[PDB]
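Below is one structure, written out as structure tokens; the observations come after it.
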Ligand SMILES: [Ca+2]
Ligand SMILES: [Ca+2]
Ligand SMILES: [Ca+2]
Ligand SMILES: [Ca+2]
Ligand SMILES: [Ca+2]
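Chains as they are written, first to last, in the authors' numbering: chain A, 2 to 209; chain B, 1 to 209.
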């Protein structure tokens, strides 16, 4: 069974939770208070001193993208073949890059950086619109014709950017329609509407 | 195959995948991109994320160095023996990428002011890899399991460039030290590391190391 060990935020666990919910998998949440984290003991035991920590039976993993790839591999959300698997990675790596820029903004430079960030945003989102346009006219998934862990990550990234810069997908019809389509998947829709998702802040510092 | 690496004339983010290809007896073409070519803008606008490396494997075109590493890992069987090991391989590689990102940020943006703080923090950043080795066959084999993975090549490069940045940074870490020596001695890799193709490239594009 699966355990997610994280702070009481959506953050870097939002995509992997969406994945698990949408795939109908059961899991446990272990919540780490800022104070438990400050004590230092748990942090010292984490491979790279960070959360999330994830348990799959006796397998303990760190790094949100390691967890996504693991779930992608085990649950068959990693493309139909080797070529698609590579494209799934290429998408997820691009999502991670933009996520890192988003995190940097939220944590270190929200006030002085937001305008610079939002104006730079369309150029950062365009590659995903491009990928969609080259795959069945953008009517299905980011890679190929079945959902992948990259879809869940990309979906999260887009949802949080809509909160940051409302209407930012107006310039991107395929990304816009993709957000609506994936968000409407019944198990995912239910999860996104649920107190367990809605009552967590996006980020620890309460900015979004 | 065939394989083509499209990149600046630097080691940088292609060093690990080149070591991987060389050690695995694979052949590849280098397409070198000069400053003039990159500044012209055409190549850059054609890249998915506006970045190099670009990698060609037959009709497949890839961007993102870790995507290229994972692809070569997948297709060449350098990804652990099973799913549990593959997850550990990813965990190592994501850790390597995190420190590489920090290394690049120093080199490119903050070398003069930031070097002291970086080298001071370095031991705490390397210790996880020593720990991983200690928990896998007493550090006598690879970073994960009993066979080489793309993570080994990436970690090896990370360690090598760090020894340039902070000579002696592995002295306190016997497993990491022995690992660098052991992997660096693999005959095809040893030959590649000794070759002008590797030796005569700068680590980074701005001449800092
Ligand atoms: Ca599937
Ligand atoms: Ca990247
Ligand atoms: Ca609108
Ligand atoms: Ca093998
Ligand atoms: Ca990371």
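Even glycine gets a Cβ: it sits at the ideal position worked out from N, Cα and C.
Cβ of residue 78/A versus every heavy atom of ligand 1: is any distance shorter than 8 Å? Indeed, a heavy atom of ligand 1 lies less than 8 Å from the Cβ.
is_contact[residue 19/B, chain A] using C-beta, thresh 9 Å: False, the Cβ-Cβ gap to chain A never drops below 9 Å.
Taking only beta-carbon atoms, is residue 71/B less than 9 Å away from chain A? True, the Cβ-Cβ gap to chain A drops below 9 Å.
Collapsed DSSP secondary structure at residue 48/B in the structure displayed: Residue 48/B sits in coil when the DSSP states are folded into three classes, being neither helix nor strand.
Please tell me whether residue 60/B has its Cβ less than 9 Å away from any Cβ of chain A. Yes, contact with chain A.
Range of the contiguous alpha helix (DSSP H) that encloses residue 60/B: Where residue 60/B is concerned, there is no enclosing alpha helix (DSSP H), although the beta strand (DSSP E) it sits in stretches over 60-63.
Contact criterion: CB-CB distance below 9 Å. Does residue 84/B meet it with respect to chain A? At a cut-off of 9 Å between beta-carbon atoms, residue 84/B makes contact with chain A.
By alpha-carbon positions, which one of 205/A, 161/A and 72/A ends up nearest to residue 27/A? Comparing C-alpha distances from residue 27/A to each of 205/A, 161/A and 72/A shows the shortest one belongs to 72/A.
Taking the beta strand (DSSP E) that residue 190/A falls in, what are its first and last residues? No beta strand (DSSP E) contains residue 190/A, which is instead part of the alpha helix (DSSP H) from 187-194.
Should residue 168/A be listed as close to ligand 3, given that the test is whether its C-beta is under 8 Å from any heavy atom? Remark: the shortest separation between the CB of residue 168/A and any heavy atom of ligand 3 falls under 8 Å.
is_contact[residue 204/A, chain B] using C-beta, thresh 9 Å: Residue 204/A does not count as touching chain B.
Given 8 Å, three or more beta-carbon pairs between the region 101-109 of chain B and the region 46-53 of chain B: Taking 8 Å as the limit for Cβ pairs, the verdict is that the region 46-53 of chain B does not touch the region 101-109 of chain B.
Do you know whose CA, among 116/B, 165/B, 113/B and 88/B, lies nearest residue 100/B's CA? Closest option to residue 100/B, Cα to Cα, is 165/B.
Limits of the alpha helix (DSSP H) - the one that residue 152/A falls within: Membership of residue 152/A in the alpha helix (DSSP H) is indicated by the continuous run 150-165.
For the putative contact between residue 13/B and residue 46/B, defined by C-beta atoms under 8 Å, what is the C-beta separation to the nearest angstrom? Under the criterion of beta carbons closer than 8 Å, residue 13/B and residue 46/B do not qualify as touching, at roughly 18 Å.
Helix, strand or coil: which one does DSSP assign to residue 39/A? Residue 39/A falls in the helix class under three-state DSSP.
Considering residue 56/A, what are the terminal residues of the beta strand (DSSP E) in which it resides? Annotation: the continuous beta strand (DSSP E) that includes residue 56/A extends over 54-57.
Do the region 81-94 of chain B and the region 121-137 of chain A make contact, defined as three or more Cβ pairs closer than 8 Å? Contact fails: fewer than three Cβ-Cβ distances are below 8 Å.
Which residues in chain A have a C-beta closer than 7 Å to the C-beta of residue 137/B? List them in chain order. What residue 137/B touches in chain A: nothing, since even the nearest Cβ is about 18 Å away.
Three-pair Cβ contact test at 8 Å for the region 80-89 of chain B versus the region 128-146 of chain B: Taking a contact to require three or more Cβ pairs closer than 8 Å, the region 80-89 of chain B and the region 128-146 of chain B qualify as touching.
Thinking residue 10/A and residue 201/A are a contact (beta carbons under 8 Å), I'd like their distance in whole angstroms, please. With a contact defined as Cβ atoms closer than 8 Å, residue 10/A and residue 201/A qualify at about 6 Å.
Entirely within the region 58-109 of chain A and at least 4 residues each: give me those alpha helix (DSSP H) ranges in chain order. Segments of the alpha helix (DSSP H) lying fully in the region 58-109 of chain A: 65-75 and 83-109.
Closest by C-alpha distance to residue 25/B, when choosing among 180/B, 146/B, 76/B and 111/B: If we check each option's Cα against that of residue 25/B, 76/B comes out closest.
Residue environment, residue 206/A, which counts as buried when at least 16 other CB atoms sit within 10 Å: Residue 206/A is classed as exposed because its beta carbon has fewer than 16 other beta carbons within 10 Å across all chains shown.
Of all Cβ atoms in chain B, is any one closer than 9 Å to the Cβ of residue 2/A? With its beta carbon at least 9 Å from every one in chain B, residue 2/A lies outside the interface.
Just curious, the alpha helix (DSSP H) that residue 127/A is in, first and last residue? Looking at the DSSP string, the run of the alpha helix (DSSP H) that includes residue 127/A is 111-134.
Tell me the DSSP bridge mates of residue 30/B? According to DSSP, residue pairing for residue 30/B in a beta bridge involves 5/B.
Beta carbon proximity, residue 110/B to chain A, threshold 9 Å: Residue 110/B does not count as touching chain A.
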